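See structure below.
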Ligand SMILES: CC[C@@H]1C[C@]1(NC(=O)[C@@H]1C[C@@H]2CN1C(=O)[C@H](C(C)(C)C)NC(=O)OCC(C)(C)CCCCc1cccc3c1CN(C3)C(=O)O2)C(=O)NS(=O)(=O)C1CC1
Ligand SMILES: [Zn+2]
């Protein structure tokens, strides 16, 4: 089965919003065939397999997401199923060549420690960077609130890509910190 784009998180306006482009029946069918003729736009896609739904984010012309969501699956596209360009299970990372029509987030060079995590419901959650791949949640959210947002972007105050959300440190169902694949690690994967 292919990963299928079923919506987007629009970030170009004053407030973020989620848009649905495909339902359950459409997603199941598109997954089997791997032929998706829908127009792609924006930076953050909402994606699904048959069993899970999550996010994918374009950075440096590659559409990235989490391995624990996508496995080694192809992504459905206009020309049929497209094989993964990158697969790094140790980083919980996969990527495909960004679909035609998509736009990529610019890598952050600010070195800012105030970050912003975008969820699949288009919430923008402030995150304080605490290391290479960690940020603490200033204001926590329960785990159920963040569920399905893996593969989404962490952004800097200027709206650059800082990383890809992959996991949350859960304490009794509440997330106090988030873990992410930094953009620099994405670049390293693209290099060597
Ligand atoms: C709920 C919002 C979370 C973002 C999110 N991710 C998850 O739910 C991932 C999936 C799974 C568990 N997990 C966790 O976040 C767990 C948790 C909360 C369940 C308790 N936390 C944790 O382990 O902290 C420990 C920590 C050290 C921070 C992990 C670092 C990563 C270590 C690591 C390295 C290499 C490979 C792999 C891992 C972990 N890995 C494979 C893997 O499969 O993890 C999600 O929403 N997923 S989703 O619903 O969209 C799903 C459909 C895609
Ligand atoms: Zn920046």
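Numbering (PDB author numbering), first residue to last: 990 to 1181. For every residue, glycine included, the Cβ atom is placed at its ideal position computed from N, Cα and C.
Presumed contact (8 Å Cβ cut-off) between residue i and residue j, rounded CB distance
i            : j            : result
residue 1107 : residue 1005 : 6 Å
residue 1140 : residue 1054 : 4 Å
Contact check, residue i vs residue j, beta carbons under 8 Å
i            : j            : result
residue 1056 : residue 1082 : yes
residue 1185 : residue 1132 : Within the shown structure, residues of the chain are numbered from 990 to 1181, placing residue 1185 beyond reach of any answer.
residue 993  : residue 1047 : no
residue 1109 : residue 1084 : no
residue 1118 : residue 1127 : no
residue 1129 : residue 1151 : no
residue 1145 : residue 1104 : yes
residue 1025 : residue 1059 : no
residue 1088 : residue 1163 : no
residue 1149 : residue 1096 : yes
residue 1002 : residue 1092 : no
Close-in-space but distant-in-sequence residues of the same chain around residue i (CB under 6 Å, 5 per side omitted)
i            : result
residue 1070 : 991, 1023, 1063
residue 1034 : 994, 997, 1045
residue 1111 : 998, 1005, 1006, 1007
residue 1135 : 1157, 1164
Residues of its chain near residue i, where Cβ-Cβ distance is below 7 Å and the 5 sequence neighbours each way are ignored
i            : result
residue 1016 : 993, 995, 1037
residue 1155 : 1055, 1081, 1139, 1168, 1169, 1170
residue 1121 : 1171
Sequence-distant residues of the same chain with beta carbon closer than 8 Å to residue i, five excluded per side
i            : result
residue 1179 : 1049, 1051, 1075
residue 1027 : 994, 1010, 1011
> Can you give, in chain order, each stretch of the beta strand (DSSP E) that sits fully within the region 1107-1158 and has at least 3 residues?
Replying inline: 1113-1118, 1123-1131, 1142-1144
> Considering only residues of the region 1011-1091, which uninterrupted alpha helix (DSSP H) runs meet the minimum length of 4 residues and lie entirely inside it, listed in chain order?
Replying inline: Runs of the alpha helix (DSSP H) lying entirely within the region 1011-1091, each at least 4 residues long, are 1013-1022, 1056-1059 in chain order.
>> Tell me which residues pass a beta-carbon proximity test against ligand 2: closer than 5 Å to any heavy atom, given in chain order.
In response: Around ligand 2, the residues selected by a Cβ distance under 5 Å to any of its heavy atoms are 1097, 1099, 1145, 1147, 1149, following chain order.
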